[PDB]
4 protein chains.
Amino acid sequence: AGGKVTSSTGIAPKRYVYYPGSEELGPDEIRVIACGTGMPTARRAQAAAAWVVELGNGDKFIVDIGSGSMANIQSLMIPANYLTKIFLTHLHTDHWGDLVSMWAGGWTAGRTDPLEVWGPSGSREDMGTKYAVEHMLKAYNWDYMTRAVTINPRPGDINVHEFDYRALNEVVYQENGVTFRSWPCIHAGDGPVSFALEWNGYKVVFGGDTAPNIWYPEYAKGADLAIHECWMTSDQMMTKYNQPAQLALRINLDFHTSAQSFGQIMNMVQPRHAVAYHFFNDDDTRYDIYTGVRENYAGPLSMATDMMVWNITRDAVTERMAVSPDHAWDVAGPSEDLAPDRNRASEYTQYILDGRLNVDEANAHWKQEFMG
Amino acid sequence: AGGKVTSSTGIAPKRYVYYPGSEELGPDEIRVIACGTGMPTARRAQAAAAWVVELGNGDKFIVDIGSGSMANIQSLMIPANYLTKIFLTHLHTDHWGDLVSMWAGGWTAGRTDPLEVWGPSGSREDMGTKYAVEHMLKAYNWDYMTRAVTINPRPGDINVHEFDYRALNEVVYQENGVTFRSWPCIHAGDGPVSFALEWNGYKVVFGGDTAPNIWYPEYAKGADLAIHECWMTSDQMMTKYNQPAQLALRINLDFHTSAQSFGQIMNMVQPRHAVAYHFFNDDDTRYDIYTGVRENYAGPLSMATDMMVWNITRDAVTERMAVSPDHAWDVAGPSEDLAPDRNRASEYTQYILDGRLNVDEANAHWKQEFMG
Amino acid sequence: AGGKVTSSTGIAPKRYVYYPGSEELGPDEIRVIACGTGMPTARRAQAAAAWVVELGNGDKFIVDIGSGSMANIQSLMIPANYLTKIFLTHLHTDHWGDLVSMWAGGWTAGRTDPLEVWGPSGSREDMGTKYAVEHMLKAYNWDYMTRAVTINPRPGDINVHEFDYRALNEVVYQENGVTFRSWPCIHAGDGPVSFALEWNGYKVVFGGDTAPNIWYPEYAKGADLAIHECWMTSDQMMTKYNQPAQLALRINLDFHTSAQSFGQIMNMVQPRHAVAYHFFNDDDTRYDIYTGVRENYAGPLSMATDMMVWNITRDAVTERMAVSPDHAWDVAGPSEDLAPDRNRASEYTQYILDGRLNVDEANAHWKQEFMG
Amino acid sequence: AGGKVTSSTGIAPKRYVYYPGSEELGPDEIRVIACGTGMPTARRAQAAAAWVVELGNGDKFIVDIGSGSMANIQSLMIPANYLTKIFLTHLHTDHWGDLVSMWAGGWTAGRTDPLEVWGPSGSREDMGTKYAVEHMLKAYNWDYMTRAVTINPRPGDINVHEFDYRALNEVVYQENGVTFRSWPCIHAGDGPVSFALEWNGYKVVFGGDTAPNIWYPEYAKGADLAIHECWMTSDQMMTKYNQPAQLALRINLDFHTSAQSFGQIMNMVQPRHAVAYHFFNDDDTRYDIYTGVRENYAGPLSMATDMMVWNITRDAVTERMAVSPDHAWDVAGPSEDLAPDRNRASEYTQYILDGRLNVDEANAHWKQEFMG
Ligand SMILES: [Zn+2]
Ligand SMILES: [Zn+2]
Ligand SMILES: [Zn+2]
Ligand SMILES: [Zn+2]
Ligand SMILES: [Zn+2]
Ligand SMILES: [Zn+2]
Ligand SMILES: [Zn+2]
Ligand SMILES: [Zn+2]
């Protein structure tokens, strides 16, 4: 498997696994990493929905950042300054729960710029992305204020770009040769969208969540990589959640995209490569889902799980697994020492600072060796 | 290792690892599980701070619920309706980041009662837990409002019990023979606290985060199990965070509790068993932290990592690892049907319902087979 | 998932994963665990072929014990004295490589009876199981003779029960109402067999390795659980091994059982449950293998991987995953202390015993403390 | 942690983990990977003893190849033809049990040259390495003869270089500017040795197994990397194996090298870096073993577990963890395939070949697609 090894002390070429941080990205290349593929029910094997897109022109994007996904993002060895642009398909916790963790961790770990967040509006102000992030920053005000005591607050801001969720395939970002368009999803209530990323002859579609709709098959047509929700079977709903049959059947027809519907949809789209996600990917669930899909779609398919990676180039769309460090660490970026705002008042009161314990004797031994 | 097997077809007794869901809790026993032991930097091997406490009277509490920790809590096979009470030591993201995932996950998992959260005030209103949780719920208003259309909203409520952070070892909870007391910490800014849980002659101490203070040594004294922050060494601050020598030194003295400070503290406390946490627990980090602690403390010690478990009985405090499913699922509890509230408006507009794709043909096959 | 929980302090019933050592085996129940499902190419995800069968009457058997598999066998928390009976399908390293690990490990771990091995003859004496194990014992004579100085040697014996590979579904083992039968396979050269285990109205078939043959579909018929070789695709041979097309084609026709052949076979057998094994079970291999089977077989199917388990009862054959300790330990059983032999010459010469370094000083401190 | 990233599309330099196959080895550099660190008791966390050594001149050696270690060796993406030279410290199953898996899997992984094995004599012919390997090859006669019909059998050979176990520090290998020296161990019976590898001004010492001896501290002096056995504490012997105190005490004096003896030895040796191995490296064992080493030795130390890696340079010896694929595959080398000799007997009878099942129909469909 992998490229032929030509040499005893050299590097193995075209490796059968993707080791994050080991492979340069070609100027006509895209890398997409599934940093979460699961559900609002949490699990070590699957973080909630998250995707990292890396373009050969050096731009990077996170599309969705659900609960748990930061552990996988952080295993990528990408500096925090290269991941400042996040697109949200919808405001479910399994699609933006870890925004706070990228916000606070990336700032404790030297992001110098503010985060930038694109997400949809709702039917009214309290149902949209601008309200959502504004209240998230208030929810975390203690964190924000205490950390801004010692770190310039500028990376602590979130610049929100809200767009009309009703818009049919309209441009929502246009920068440095890169476009995103959105269209609507049919999912729990008005607001949710899917995205298409256009750059340099490629199209990458992030379906978010939806029941099957008329918009996706139209605006996703001919994508290099087409991502779409694909649900657990009605039999699995009966077995895993003890649903009675009526309600089990309806989940796969009214509320979600069935495996058989996902097949219908990607048959219409004819992408280079289709990606099914948002099911629990276990030894007793996956096979009936892949069969549901094969009933109607025959093209190349990935059955997504965490740390699956796609390399998009002119000749091929290639699926591999990323082999990344469980014991992850922050990895430094180029950026320069950004200064705290020393007008910032302390958030301690003297009542608390009065309780400091004297540990001089306990610490003298290691201090003296370390200062030596 | 473990209890001796007595029969071919029987159960292996006193198993050398804890398999969650497989062991009865006796009436004079406590089980504590580390569901997060790490940092604001995410990694698959260590979720951020979270502790599950189970008492032999049937009460269960969560103390802290940091980013990523829900994946570990969910692997315990405890119905979400048994984990409704949550204690927060402070409002850093690595201590309450997964409250949202508990709130949303727990409600798709059929929690039927509101969450109940105890945490500290701050030095003004927008720095305490009541303000934080109230704005967390607004931040997720789309999630809340769309979910309540389909699921009775009573479980989607959060009753916050905000207590005075300034109070010195006061009761913040007292029910069914169980007491929680709080005292302050010194950490980033006013608000953070440590807890002591008292029940049936046991005392369990959850230190949260702090620089060394005069209160913990006094109010944790004699604990069966005492947990306290234990920082990565100043050499590791240089190696890993390429810090200059000066700021590397000050981290372990001013901002955080060094391993040597932790040993001094636990030497003052004389617990049956001390627990060091909140450091990256790796092959090249753990041993110098251990050595620092042993400079000043000789008693029983656990170097925390995720899914470590302590069983506290009259005769012993035992450390084990928990071996739990990575492919976790919600497990059902005994509660029942909440009679959904009819008085909730749909959050769809006709404009979005009009987009539904006809998928009758694609689904007819599985659909007619299933309806057997 | 799993049984409904009834009690805060109780055990979760009918758990959705199998924790080895945690479940009582009923009198009319069988448990089968895949302790290896892989190839002669090694890999942490998949040990080479091995199966553990546990019967409700207390009897346990290993069928195949390939390289790597003892790590999975050891995770089951089953005392060494309960696993003294081993059946080999054939004499490839990936089917008996860890026999020597069981022999040596289970003797240093208080096995007190000799191992018992059943395996096939070959066309001549040096091509059968008796010859193979006789020479395995000679290969490890240093390990044998040195161990026998300090441990009673009786359990270091291996009693081989060689049976006629040519026989057509004839008994090779009969004891305590348990029968094994053998029939031939077509695999590299004369010798390899498949087994059926009969007990208490159950039939479990262990296919071993073969190209498709007329015997398996006839003699496996109606099995409760039927295991058979199922090969990676001819396309996968070109991608993964760089086979030129024509050789890749013959591999799934002449030498191995194709996924499509596997499905024909199981269509003829009509087992209550089929098991495909002995392919690399990866995110980019498994789905086309499963499609292959489903071209011709529609019944219950497991795509085996390591630590998969089947529970066989009158009502159901259930597939689960086993969640087992990675940091495994031997667990003691109810045997009795066996007496060493003093008619045993030391394997040391004075030349070596004279090399001992005095270490009394370095060991003084711990030594004094331990003796109180 | 690790080196500073300088571009979005480029390669993370001096990575904090070692990804096998991702890094150039320099002309004055050595890489050592622990491919097994455990015991005769099997465990997924720890294969039995094995070491891979990659020299900057491009030579590679395996020192010990214990049960289970080939899963770790195969994760290094090194062509089988580069790993033909194997040194054994002694003939316990946990130091050479996976030789048969290197012999058989390596040969089908592509090795074209014989294996070459160096190991000690014993006190008589039947206690030596030559006898051991000649009888291992007879044990796998069925595998060898059946495989050799389909191949040139040249790679199936194993040439043994047996050397006297009694020799003090004498050359047993001297080739291409690499030297190995052996000297004796005190372990179970006459015969075990330790090795030193010298190349290009560096020295690496593989202790194997021993009770403490006068030869290791003399001939290992000044090593860049010194590896020695270091046993679990006597309290751990009582807790984990239920040894009575007296027997537990002696295990760490008479039979094995205690943690404290290990520290004295490494104190005497003064290596650039010491490695302790051959203990169960668990959350509840490793801290008491480390402390034992630290009573007597305070130089750089590694507490081995599996897939620990050392890079040796002039200016440093860096410990890292390797992050390698669990779903490993063979990787092809330059070595080109050879001409057989149309002259070996088939091992099939027509009795067996007449049992082939006609699967033409079930396979015709995929067969057609493939023949494009
Ligand atoms: Zn959603
Ligand atoms: Zn979702
Ligand atoms: Zn904090
Ligand atoms: Zn914290
Ligand atoms: Zn075979
Ligand atoms: Zn095989
Ligand atoms: Zn040994
Ligand atoms: Zn050994």
Side-chain angles (χ1 to χ4, degrees), chain A residues 40-45 67-68 70-71 74 91-93 97 100-101 104-105 108-109 122-123 126-127 132 135-136 138-139 141-143 146 184 186 188-191 212-215 234 240 249 258 260-261 264 282 296 326-328 330 347-349 351-352 355-357 359 362-363 366 370, chain B residues 40-45 67-68 70-71 74 91-93 97 100-101 104-105 108 122-123 126-127 132 135-136 138-139 141-143 146 166 184 186 188-191 212-215 234 249 258 260-261 264 282 295-296 326-330 347-349 352 355-357 359 362-363 366 370:
Chain A
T41 286
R43 238 153 79 115
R44 292 184 299 272
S67 308
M70 200 61 201
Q74 185 59 80
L91 296 173
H92 272 149
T93 69
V100 64
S101 163
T108 72
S123 69
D126 69 4
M127 292 296 271
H135 281 288
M136 186 211 86
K138 288 169 175 184
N141 185 59
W142 179 93
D143 198 310
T146 62
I186 309 169
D190 285 24
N213 64 81
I214 69 184
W215 298 300
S234 296
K240 303 291 167 157
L249 174 66
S258 75
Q260 292 89 357
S261 296
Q264 166 175 339
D282 305 356
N296 319 302
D326 281 12
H327 298 244
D330 219 276
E347 290 296 348
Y348 289 112
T349 66
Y351 182 84
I352 295 295
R356 281 213 193 266
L357 173 82
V359 292
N363 283 261
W366 80 265
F370 177 79
Chain B
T41 284
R43 35 156 61 184
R44 288 189 299 264
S67 299
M70 212 41 231
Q74 188 63 89
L91 301 165
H92 270 145
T93 68
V100 63
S101 170
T108 86
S123 66
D126 63 11
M127 294 295 281
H135 287 285
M136 183 213 73
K138 287 168 166 127
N141 187 56
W142 183 92
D143 190 316
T146 57
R166 290 166 300 183
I186 307 173
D190 284 28
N213 67 71
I214 57 172
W215 304 296
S234 295
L249 166 67
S258 72
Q260 289 88 359
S261 288
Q264 176 187 330
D282 304 356
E295 299 187 25
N296 306 312
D326 289 348
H327 299 247
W329 294 84
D330 159 76
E347 296 284 346
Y348 285 122
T349 66
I352 292 286
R356 285 190 189 282
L357 187 61
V359 288
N363 285 264
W366 80 262
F370 180 85

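Order of the sequence lines sets the chain letters (A, B, ...), proteins ahead of strands, with each chain counted from 1. The analysis underlying the following values was restricted to heavy atoms, covering all of them including side chains, and did not include hydrogens, waters or symmetry mates.
Only the side chain of B:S123 comes within contact range of chain A, with heavy atoms under 4.5 Å apart. Using a 4.5 Å cut-off between heavy atoms, A:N296 touches chain B through its side chain atoms alone.
For the options B:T41, B:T146, B:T93, heavy-atom pairs under 4.5 Å to chain A are most numerous at B:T93. Contact count versus chain A (heavy atoms, under 4.5 Å) is highest, among B:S261, B:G68, B:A104, for B:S261. Looking only at heavy-atom pairs under 4.5 Å with chain B, the residue among A:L249, A:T108, A:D330 that has the most is A:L249. Comparing A:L91, A:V359, A:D143, A:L357 by how many heavy-atom pairs each has under 4.5 Å with chain B, the most go to A:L357. Considering only heavy-atom pairs separated by less than 4.5 Å from chain A, the leading option among B:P184, B:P212, B:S258 is B:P212. Taking chain A as the reference chain and counting heavy-atom pairs below 4.5 Å, the highest number among B:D326, B:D282, B:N213 is found for B:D326.
Across all their heavy atoms, B:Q260 and A:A362 have their closest contact at CB-O, 3.6 Å. Contact between B:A188 and A:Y348 at its shortest, heavy atoms only, is N-OH, 2.8 Å. Shown here for B:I186 and A:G355, the closest heavy-atom pair between the two residues is CD1-C, 3.5 Å. The shortest non-hydrogen separation linking B:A132 to A:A139 is CB-O, 3.2 Å. Here the closest heavy-atom approach between residue B:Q74 and residue A:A42 is recorded as CG-O, 3.4 Å. For the pair A:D190 and B:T349, the tightest heavy-atom approach, listed with the atom from each and the gap, is OD2-OG1, 2.6 Å.
Note on ring orientation: taking the six-membered ring where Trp is involved, the planes of A:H92 and B:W142 are perpendicular (angle over 60°, cut-offs 30° and 60°). Using bins of under 30°, 30° to 60° and over 60° for the plane-to-plane angle, the ring pair A:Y351/B:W215 lands in the parallel bin.
Separation of atoms CZ (B:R44) and NE2 (A:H327) is listed at 9.5 Å; rounding is to 0.5 Å.
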Derivation and outcome, side chain to side chain contact (heavy atoms under 4.5 Å, CB included), residues A:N141 and B:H135: CA-CA 10 Å; A:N141 185 59; B:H135 287 285; over 6 Å; no

